[PDB]
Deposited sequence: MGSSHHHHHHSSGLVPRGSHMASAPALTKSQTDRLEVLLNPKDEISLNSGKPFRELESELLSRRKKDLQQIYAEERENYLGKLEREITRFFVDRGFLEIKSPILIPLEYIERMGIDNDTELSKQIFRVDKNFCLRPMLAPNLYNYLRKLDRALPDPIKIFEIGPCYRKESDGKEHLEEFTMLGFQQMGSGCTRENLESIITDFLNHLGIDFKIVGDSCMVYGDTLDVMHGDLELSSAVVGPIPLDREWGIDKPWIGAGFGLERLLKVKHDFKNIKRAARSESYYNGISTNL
């Protein structure tokens, strides 16, 4: 007979994008279970690397080799940083903040910490100043197809000379062509890097009025990329949860076998 909706959901959990009727549910499930176990066995036998960790290391190598300084800043940040970013109750992000204690929150973005590093490093480093960070960011989200509440962001910034829209688009282009990800750029200037209807990045060509609140008075360019969305596109995951920090999926493979 026909597969139930619940049975189809179960199979889709076990179904990989590269997988290719009269067979009952138990046979279809048994076949997929066998395939997914072998996938995990192959990873365990060979590379043993996590997709998220591996992507972070690859992105790190890319930006270090292009002269960007690797930053590891706090994930737990002051609540005042959020207000200082021009985030008031009349914006969407104000309601998306994970508050911790009275004075802190989980960072929903990388810009405040990177802003602070630009200002401080300006007193020590030659022009131009190039920095980047990869790490966890947190936002309360209502959706679940393209959004995670716990995700990983790449953020990079260049300050001083060479901060043009052309140079920014060049870095973005080299980056995504390096990863093998198809894209289009749509758009101080605010640009969005799109994969179909999926936003991979928001990019900015400074200066912008916000800079003054952070002690920045130089031209700058930068962008923020979601690593899970990059993984989702590269590995053709139907749902972004396959690319997340998770106990339910490893490298897009269901751990409930």
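Comparing the deposited sequence with the modelled residues, the stretches lacking C-alpha coordinates are 1-24, 45-48, 216-221.
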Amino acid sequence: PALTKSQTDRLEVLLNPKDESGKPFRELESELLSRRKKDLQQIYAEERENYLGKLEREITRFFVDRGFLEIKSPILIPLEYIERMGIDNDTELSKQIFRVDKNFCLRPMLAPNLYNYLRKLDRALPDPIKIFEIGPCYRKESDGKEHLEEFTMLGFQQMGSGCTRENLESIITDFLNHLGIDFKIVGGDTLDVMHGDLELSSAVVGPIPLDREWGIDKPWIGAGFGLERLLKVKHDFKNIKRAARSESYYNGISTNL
From here on, numbers count along this sequence of modelled residues.
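For the segment pair 165-173 and 139-147, the entry gives 139-147 the higher mean B-factor, averaged over Cα atoms. Mean CA temperature factor is higher for 21-29 when stretches 21-29 and 238-246 are set side by side in the entry. For the set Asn116, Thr152, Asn89, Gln158, the PDB entry puts the maximum C-alpha B factor at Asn89. Of the residues listed, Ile97, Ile75, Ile181, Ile71, the entry assigns the biggest Cα temperature factor to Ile97.
Sort the modelled residues of the chain by CA B factor and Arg66 lands in the highest third. In this PDB entry, the Cα temperature factor of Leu106 sits in the middle third of its chain's modelled residues. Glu58: CA B factor in the lowest third of modelled residues in this chain (values from the PDB entry). In the deposited entry, the Cα temperature factor of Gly222 sits in the middle third of values across the chain's modelled residues. Among the modelled residues of its chain, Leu52 has a C-alpha B-factor that falls in the lowest third, as given in the PDB entry.
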